[PDB]
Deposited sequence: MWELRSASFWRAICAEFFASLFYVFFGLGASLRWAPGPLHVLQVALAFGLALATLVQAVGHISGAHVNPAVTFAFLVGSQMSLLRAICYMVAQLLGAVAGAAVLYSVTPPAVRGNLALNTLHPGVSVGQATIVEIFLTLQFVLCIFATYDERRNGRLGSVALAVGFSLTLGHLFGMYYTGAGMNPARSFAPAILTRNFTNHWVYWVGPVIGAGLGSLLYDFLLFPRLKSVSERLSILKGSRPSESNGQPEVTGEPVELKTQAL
């Protein structure tokens, strides 16, 4: 995108529709009460909603459908600061819309608080934030590892892997925090029910967890060594042509710094 990338705006639309669908189906399947089979069912719904959407638009935008996941990819230097923000914008509006459309087609009484992420009475906000961190951490770690082109021919469906990771996060987390693992998914129910009690947990946990996962993977487990050069050349895009010059100032690592950053 400094020339004819409709395959940037298609991805933005992907993230928008996938987030609407993700939230619409995730929240919709969470309406009511109950954890025994309630948890299993909601865990599977979110997991399968993600696996479905990652198959649907994973090849088009990477299927982030999650600000925390996009953030993970930003600090991981795999997308530009521009795409990230557009992705999150699309995801936030996408979620709100799905939550909206969900509200419009769902009978009251069943609506409840639209599956608003909520902490368990006996769980402090600090504990809940650590939980949300671990949930998103294993989640992002699974995303990075499975999206990683440098590995496996025995991966199977990465869409399912990621989805089942989300399911795992719910199977464990719902009892604690209803499992947010996704700012956008927590936001949607929040802004429509005018209730931001403890909402900070659902942005901070996933974001930190997402950051730790990106870190844990890229800077330790399976390093994806990138020089500050490429890193910066990533959160800004524009690569690698357009410049002027027949031989062009580009060559010979002679300590002359780098012939411009």
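Novice: Point out each run of deposited residues with no C-alpha coordinates, keeping the order of the sequence.
Specialist: Those parts of the chain that were deposited but carry no coordinates are 1, 36.
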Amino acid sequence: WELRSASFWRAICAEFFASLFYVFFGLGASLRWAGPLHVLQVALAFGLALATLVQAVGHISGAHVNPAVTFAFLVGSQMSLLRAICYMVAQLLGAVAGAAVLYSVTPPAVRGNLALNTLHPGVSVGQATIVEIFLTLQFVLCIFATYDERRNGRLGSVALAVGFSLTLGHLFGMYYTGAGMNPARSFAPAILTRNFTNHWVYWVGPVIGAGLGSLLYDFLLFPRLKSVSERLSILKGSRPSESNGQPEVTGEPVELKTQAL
From here on, numbers count along this sequence of modelled residues.
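Novice: Regarding 109-117 and 157-165, which shows the higher C-alpha temperature factor on average in the entry?
Specialist: Taking the mean C-alpha B-factor of 109-117 and of 157-165, the larger value falls to 109-117.
Novice: Could you check which stretch, 63-71 or 213-221, carries the larger mean CA temperature factor in the entry?
Specialist: The recorded data point to 213-221.
Novice: Name the residue from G26, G35, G58, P206 with the greatest C-alpha temperature factor listed in the entry.
Specialist: That would be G35.
Novice: Please place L20 in the lowest, middle or highest third of its chain according to the CA B-factor in the PDB entry.
Specialist: CA B-factor rank for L20: lowest third.
Novice: Quick check for you: using the entry's CA B-factors within this chain, is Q138 in the lowest, middle or highest third?
Specialist: Its C-alpha B-factor belongs to the lowest third of this chain's values.
Novice: Taking the values exactly as deposited, rank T52 by C-alpha B-factor within its chain and report the matching third: lowest, middle or highest.
Specialist: For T52, the deposited C-alpha B-factor lands in the lowest third.
Novice: Going by the recorded CA B-factors, say which third of the chain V39 sits in, lowest, middle or highest.
Specialist: Its C-alpha B-factor belongs to the middle third of this chain's values.
Novice: Which third of the chain holds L81 when residues are ordered by C-alpha B factor: lowest, middle or highest?
Specialist: Ranked within chain, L81 CA B lands in the highest tercile.
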